[PDB]
>>> print(open('structure_0.tsv').read())   # TSV, C-alpha atoms and all ligand atoms
chain	number	residue	atom	x	y	z
I	1	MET	CA	0.00	0.00	0.00
I	2	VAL	CA	0.91	3.61	-0.34
I	3	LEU	CA	-0.56	6.48	1.56
I	4	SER	CA	-0.64	9.83	-0.13
I	5	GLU	CA	0.89	12.88	1.52
I	6	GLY	CA	-2.53	14.25	2.47
I	7	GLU	CA	-3.38	11.01	4.29
I	8	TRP	CA	-0.05	11.10	6.15
I	9	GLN	CA	-0.79	14.71	7.11
I	10	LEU	CA	-4.14	13.75	8.66
I	11	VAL	CA	-2.34	10.91	10.59
I	12	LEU	CA	0.48	13.13	11.83
I	13	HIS	CA	-1.91	15.95	12.71
I	14	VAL	CA	-3.93	13.81	15.20
I	15	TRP	CA	-0.73	12.10	16.36
I	16	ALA	CA	0.68	15.48	17.36
I	17	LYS	CA	-2.33	15.74	19.73
I	18	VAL	CA	-1.63	12.28	21.19
I	19	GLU	CA	1.97	13.36	21.84
I	20	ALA	CA	0.83	16.11	24.21
I	21	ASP	CA	0.04	13.23	26.68
I	22	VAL	CA	1.77	10.02	25.70
I	23	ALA	CA	1.36	8.21	28.98
I	24	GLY	CA	-2.33	8.97	29.36
I	25	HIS	CA	-3.16	7.79	25.85
I	26	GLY	CA	-0.98	4.69	26.33
I	27	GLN	CA	-2.98	3.82	29.45
I	28	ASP	CA	-6.33	4.32	27.75
I	29	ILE	CA	-5.37	2.30	24.71
I	30	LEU	CA	-3.93	-0.72	26.62
I	31	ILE	CA	-6.81	-0.81	29.03
I	32	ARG	CA	-9.32	-0.63	26.15
I	33	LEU	CA	-7.42	-3.49	24.52
I	34	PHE	CA	-7.43	-5.67	27.69
I	35	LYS	CA	-11.03	-5.00	28.47
I	36	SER	CA	-12.12	-5.70	24.94
I	37	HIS	CA	-9.89	-8.70	24.44
I	38	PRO	CA	-8.86	-10.11	27.79
I	39	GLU	CA	-6.99	-12.90	26.07
I	40	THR	CA	-4.37	-10.38	25.07
I	41	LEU	CA	-3.54	-9.64	28.72
I	42	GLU	CA	-2.21	-13.15	29.02
I	43	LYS	CA	0.73	-12.28	26.84
I	44	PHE	CA	2.12	-10.06	29.54
I	45	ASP	CA	3.72	-12.07	32.28
I	46	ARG	CA	4.10	-8.85	34.11
I	47	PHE	CA	0.48	-7.66	34.12
I	48	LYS	CA	-1.31	-10.88	33.77
I	49	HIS	CA	-2.57	-10.73	37.38
I	50	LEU	CA	-4.38	-7.37	37.06
I	51	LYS	CA	-8.03	-8.15	37.77
I	52	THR	CA	-9.85	-4.89	37.23
I	53	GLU	CA	-9.65	-1.66	35.37
I	54	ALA	CA	-8.91	0.15	38.61
I	55	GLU	CA	-5.91	-2.07	39.14
I	56	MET	CA	-4.81	-1.45	35.56
I	57	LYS	CA	-5.08	2.28	36.01
I	58	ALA	CA	-2.91	2.15	39.02
I	59	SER	CA	-0.25	0.03	37.59
I	60	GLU	CA	2.91	2.05	37.01
I	61	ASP	CA	4.40	-0.77	34.91
I	62	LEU	CA	1.41	-0.81	32.59
I	63	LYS	CA	1.64	2.91	32.02
I	64	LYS	CA	5.35	2.66	31.26
I	65	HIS	CA	4.77	-0.07	28.73
I	66	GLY	CA	2.12	2.13	27.11
I	67	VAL	CA	4.69	4.92	26.66
I	68	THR	CA	7.11	2.40	25.14
I	69	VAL	CA	4.52	1.15	22.68
I	70	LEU	CA	3.36	4.56	21.62
I	71	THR	CA	6.79	6.02	21.28
I	72	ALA	CA	7.79	3.19	18.97
I	73	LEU	CA	4.55	3.45	16.97
I	74	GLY	CA	4.96	7.17	16.64
I	75	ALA	CA	8.51	6.79	15.36
I	76	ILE	CA	7.16	4.42	12.72
I	77	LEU	CA	4.38	6.73	11.58
I	78	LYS	CA	6.65	9.67	11.33
I	79	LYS	CA	8.71	7.71	8.71
I	80	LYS	CA	5.65	7.92	6.42
I	81	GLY	CA	6.06	4.49	4.95
I	82	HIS	CA	9.91	4.32	4.95
I	83	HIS	CA	10.06	2.26	8.06
I	84	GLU	CA	11.80	-0.91	7.18
I	85	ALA	CA	14.64	-0.26	9.66
I	86	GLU	CA	12.35	0.43	12.56
I	87	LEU	CA	10.30	-2.63	11.80
I	88	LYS	CA	13.06	-5.19	11.85
I	89	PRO	CA	13.80	-5.41	15.56
I	90	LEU	CA	10.16	-5.03	16.35
I	91	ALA	CA	9.08	-7.91	14.13
I	92	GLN	CA	11.85	-10.18	15.50
I	93	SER	CA	10.96	-9.74	19.14
I	94	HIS	CA	7.22	-9.95	18.64
I	95	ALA	CA	7.54	-13.00	16.37
I	96	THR	CA	10.22	-14.93	18.39
I	97	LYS	CA	10.08	-13.72	21.98
I	98	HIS	CA	6.64	-12.37	22.74
I	99	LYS	CA	4.74	-14.29	20.04
I	100	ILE	CA	2.06	-11.82	19.16
I	101	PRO	CA	-0.33	-13.00	16.46
I	102	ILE	CA	-1.31	-10.61	13.70
I	103	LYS	CA	-4.81	-10.87	15.03
I	104	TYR	CA	-3.70	-9.13	18.25
I	105	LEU	CA	-2.12	-6.26	16.30
I	106	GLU	CA	-5.48	-5.85	14.67
I	107	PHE	CA	-7.13	-5.71	18.17
I	108	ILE	CA	-4.81	-2.97	19.33
I	109	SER	CA	-5.30	-1.10	16.07
I	110	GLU	CA	-8.99	-1.06	16.96
I	111	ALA	CA	-8.24	0.20	20.53
I	112	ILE	CA	-6.07	3.00	19.06
I	113	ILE	CA	-8.82	4.12	16.75
I	114	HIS	CA	-11.43	3.94	19.54
I	115	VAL	CA	-9.43	6.07	21.88
I	116	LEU	CA	-8.47	8.78	19.26
I	117	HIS	CA	-12.09	8.92	18.30
I	118	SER	CA	-13.12	9.51	21.94
I	119	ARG	CA	-10.39	11.97	22.84
I	120	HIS	CA	-10.00	13.90	19.54
I	121	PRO	CA	-13.41	14.00	17.76
I	122	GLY	CA	-12.51	17.23	16.11
I	123	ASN	CA	-9.23	16.06	14.58
I	124	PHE	CA	-10.52	12.57	13.97
I	125	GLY	CA	-13.41	12.78	11.54
I	126	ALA	CA	-14.08	10.18	8.88
I	127	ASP	CA	-11.29	11.04	6.52
I	128	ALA	CA	-8.70	11.23	9.30
I	129	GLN	CA	-9.96	7.93	10.69
I	130	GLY	CA	-9.64	6.33	7.25
I	131	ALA	CA	-6.11	7.65	6.89
I	132	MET	CA	-5.15	6.29	10.37
I	133	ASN	CA	-6.67	2.90	9.59
I	134	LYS	CA	-4.74	2.86	6.27
I	135	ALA	CA	-1.47	3.68	8.12
I	136	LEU	CA	-2.08	0.90	10.64
I	137	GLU	CA	-3.06	-1.65	7.98
I	138	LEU	CA	0.19	-0.76	6.19
I	139	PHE	CA	2.07	-1.32	9.45
I	140	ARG	CA	0.34	-4.72	10.01
I	141	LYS	CA	1.02	-5.72	6.43
I	142	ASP	CA	4.73	-5.03	6.58
I	143	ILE	CA	5.01	-6.68	9.97
I	144	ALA	CA	3.13	-9.77	8.76
I	145	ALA	CA	5.49	-9.99	5.80
I	146	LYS	CA	8.49	-9.81	8.13
I	147	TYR	CA	6.94	-12.45	10.39
I	148	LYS	CA	6.84	-14.79	7.39
I	149	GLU	CA	10.52	-14.17	6.57
I	150	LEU	CA	11.39	-14.75	10.22
I	151	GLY	CA	9.53	-18.03	10.25
I	152	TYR	CA	6.52	-17.09	12.31
I	153	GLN	CA	3.69	-15.66	10.25
I	154	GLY	CA	1.66	-15.96	13.33
H	201	LIG	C1	1.24	-0.73	17.82
H	201	LIG	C2	1.67	-2.07	18.16
H	201	LIG	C3	2.83	-2.40	18.98
H	201	LIG	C4	3.98	-1.72	19.10
H	201	LIG	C5	4.45	-0.56	18.22
H	201	LIG	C6	4.72	-2.46	20.13
H	201	LIG	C7	5.97	-2.15	20.64
H	201	LIG	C8	6.65	-2.81	21.64
H	201	LIG	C9	8.01	-2.35	22.06
H	201	LIG	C10	8.79	-1.18	21.51
H	201	LIG	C11	8.34	-3.20	23.13
H	201	LIG	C12	9.75	-3.31	23.92
H	201	LIG	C13	10.82	-3.79	22.95
H	201	LIG	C14	10.51	-5.17	22.41
H	201	LIG	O1	10.35	-6.12	23.22
H	201	LIG	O2	10.42	-5.31	21.20
H	201	LIG	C15	7.15	-4.15	23.26
H	201	LIG	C16	7.21	-5.23	24.19
H	201	LIG	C17	6.18	-6.09	24.29
H	201	LIG	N1	5.06	-6.06	23.47
H	201	LIG	FE1	4.65	-4.94	21.76
H	201	LIG	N2	3.99	-3.53	20.62
H	201	LIG	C18	2.83	-3.49	19.97
H	201	LIG	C19	1.80	-4.43	20.13
H	201	LIG	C20	1.82	-5.42	21.02
H	201	LIG	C21	0.62	-6.18	21.30
H	201	LIG	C22	-0.69	-6.07	20.49
H	201	LIG	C23	0.90	-7.08	22.33
H	201	LIG	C24	0.21	-8.24	22.96
H	201	LIG	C25	-1.19	-8.41	23.18
H	201	LIG	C26	2.36	-6.84	22.59
H	201	LIG	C27	3.03	-7.54	23.58
H	201	LIG	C28	4.23	-7.09	24.06
H	201	LIG	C29	4.99	-7.82	25.12
H	201	LIG	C30	4.61	-9.16	25.76
H	201	LIG	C31	6.16	-7.12	25.28
H	201	LIG	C32	7.11	-7.26	26.40
H	201	LIG	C33	6.66	-6.42	27.61
H	201	LIG	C34	7.56	-6.55	28.85
H	201	LIG	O3	7.72	-7.68	29.28
H	201	LIG	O4	8.47	-5.74	28.99
H	201	LIG	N3	2.88	-5.77	21.75
H	201	LIG	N4	6.16	-3.94	22.32
>>> encode(input="structure_0.tsv", output="structure tokens")
Amino acid sequence: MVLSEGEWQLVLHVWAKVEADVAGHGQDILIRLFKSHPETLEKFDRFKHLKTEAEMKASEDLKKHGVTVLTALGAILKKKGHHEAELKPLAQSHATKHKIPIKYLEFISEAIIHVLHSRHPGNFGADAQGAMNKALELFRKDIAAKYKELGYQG
């Protein structure tokens, strides 16, 4: 796939709003993912035990991980499609160490779009949401292709 420049602009314009509060968005997004798809919490041997949303909100470790995830995702989006380098180490650890199925990257893509929609309705109308979905599908497609080369296509 190839996004046009206008689509990238819509993606980087709402992302600049996320970046005003990286740790708060990270929390929202991971909690929305775990609530929606509790099976994904099992992949975290660190958080696994968190039983409620209140516990999740209070977990300092969870919030740090959220900042890690978003920082890496933001560095990938800012490349505007030229992200091969950034993807390599990410696809190797998720395919060999963590073992995250493509299906779970779709689930978090959904949680990212839900949260931007709630927190930025004015910078996240239909065209901007289509552009963000297109940028995340691109991301999932390049990752999936690297999974296959690494031997996982999981
Ligand atoms: C936008 C998608 C994602 C990005 C950009 C991302 C990024 C990262 C980064 C940068 C790290 C630390 C470095 C590393 O281990 O590679 C990480 C660790 C991890 N990620 Fe991903 N991740 C994403 C999605 C997921 C999803 C969907 C899950 C599972 C449901 C997941 C599970 C984990 C786990 C198990 C770790 C290790 C956490 C800890 O033990 O420290 N990741 N991820």
>>> closest_residue(input="structure_0.tsv", among="I:77, I:108, I:102, I:18", to="residue 144 of chain I", atoms="all atoms listed in the file")
I:102
>>> residues_near_ligand(input="structure_0.tsv", ligand="ligand LIG 201 (chain H)", cutoff="9 Å", atoms="all atoms listed in the file", output="mmCIF file with C-alpha atoms, keeping the file's coordinate frame")
data_model
loop_
_atom_site.group_PDB
_atom_site.id
_atom_site.type_symbol
_atom_site.label_atom_id
_atom_site.label_comp_id
_atom_site.auth_asym_id
_atom_site.auth_seq_id
_atom_site.Cartn_x
_atom_site.Cartn_y
_atom_site.Cartn_z
ATOM 1 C CA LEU I 30 -3.930 -0.720 26.620
ATOM 2 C CA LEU I 33 -7.420 -3.490 24.520
ATOM 3 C CA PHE I 34 -7.430 -5.670 27.690
ATOM 4 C CA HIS I 37 -9.890 -8.700 24.440
ATOM 5 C CA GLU I 39 -6.990 -12.900 26.070
ATOM 6 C CA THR I 40 -4.370 -10.380 25.070
ATOM 7 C CA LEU I 41 -3.540 -9.640 28.720
ATOM 8 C CA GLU I 42 -2.210 -13.150 29.020
ATOM 9 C CA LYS I 43 0.730 -12.280 26.840
ATOM 10 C CA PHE I 44 2.120 -10.060 29.540
ATOM 11 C CA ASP I 45 3.720 -12.070 32.280
ATOM 12 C CA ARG I 46 4.100 -8.850 34.110
ATOM 13 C CA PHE I 47 0.480 -7.660 34.120
ATOM 14 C CA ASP I 61 4.400 -0.770 34.910
ATOM 15 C CA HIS I 65 4.770 -0.070 28.730
ATOM 16 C CA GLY I 66 2.120 2.130 27.110
ATOM 17 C CA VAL I 67 4.690 4.920 26.660
ATOM 18 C CA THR I 68 7.110 2.400 25.140
ATOM 19 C CA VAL I 69 4.520 1.150 22.680
ATOM 20 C CA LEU I 70 3.360 4.560 21.620
ATOM 21 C CA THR I 71 6.790 6.020 21.280
ATOM 22 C CA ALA I 72 7.790 3.190 18.970
ATOM 23 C CA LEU I 73 4.550 3.450 16.970
ATOM 24 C CA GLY I 74 4.960 7.170 16.640
ATOM 25 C CA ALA I 75 8.510 6.790 15.360
ATOM 26 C CA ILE I 76 7.160 4.420 12.720
ATOM 27 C CA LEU I 87 10.300 -2.630 11.800
ATOM 28 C CA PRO I 89 13.800 -5.410 15.560
ATOM 29 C CA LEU I 90 10.160 -5.030 16.350
ATOM 30 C CA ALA I 91 9.080 -7.910 14.130
ATOM 31 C CA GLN I 92 11.850 -10.180 15.500
ATOM 32 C CA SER I 93 10.960 -9.740 19.140
ATOM 33 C CA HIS I 94 7.220 -9.950 18.640
ATOM 34 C CA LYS I 97 10.080 -13.720 21.980
ATOM 35 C CA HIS I 98 6.640 -12.370 22.740
ATOM 36 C CA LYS I 99 4.740 -14.290 20.040
ATOM 37 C CA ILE I 100 2.060 -11.820 19.160
ATOM 38 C CA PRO I 101 -0.330 -13.000 16.460
ATOM 39 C CA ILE I 102 -1.310 -10.610 13.700
ATOM 40 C CA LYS I 103 -4.810 -10.870 15.030
ATOM 41 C CA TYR I 104 -3.700 -9.130 18.250
ATOM 42 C CA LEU I 105 -2.120 -6.260 16.300
ATOM 43 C CA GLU I 106 -5.480 -5.850 14.670
ATOM 44 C CA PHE I 107 -7.130 -5.710 18.170
ATOM 45 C CA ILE I 108 -4.810 -2.970 19.330
ATOM 46 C CA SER I 109 -5.300 -1.100 16.070
ATOM 47 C CA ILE I 112 -6.070 3.000 19.060
ATOM 48 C CA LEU I 136 -2.080 0.900 10.640
ATOM 49 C CA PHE I 139 2.070 -1.320 9.450
ATOM 50 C CA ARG I 140 0.340 -4.720 10.010
#
>>> residues_around(input="structure_0.tsv", residues="residue 137 of chain I", least_positions_apart="4", cutoff="10 Å", atoms="only C-alpha atoms", output="list in words")
residues 1, 105, 106, 109, 131, 132, 133, 141, 142 and 143 of chain I
>>> atom_distance(input="structure_0.tsv", atom1="atom CA of residue 14 of chain I", atom2="atom CA of residue 124 of chain I")
6.8 Å
>>> closest_residue(input="structure_0.tsv", among="I:29, I:95, I:2, I:150", to="residue 117 of chain I", atoms="all atoms listed in the file")
I:29
>>> atom_distance(input="structure_0.tsv", atom1="atom CA of residue 111 of chain I", atom2="atom CA of residue 85 of chain I")
25.3 Å
>>> closest_residue(input="structure_0.tsv", among="I:23, I:135, I:10, I:128", to="residue 79 of chain I", atoms="only C-alpha atoms")
I:135
>>> atom_distance(input="structure_0.tsv", atom1="atom CA of residue 113 of chain I", atom2="atom CA of residue 126 of chain I")
11.2 Å
>>> closest_residue(input="structure_0.tsv", among="I:80, I:96, I:122, I:145", to="residue 11 of chain I", atoms="all atoms listed in the file")
I:80
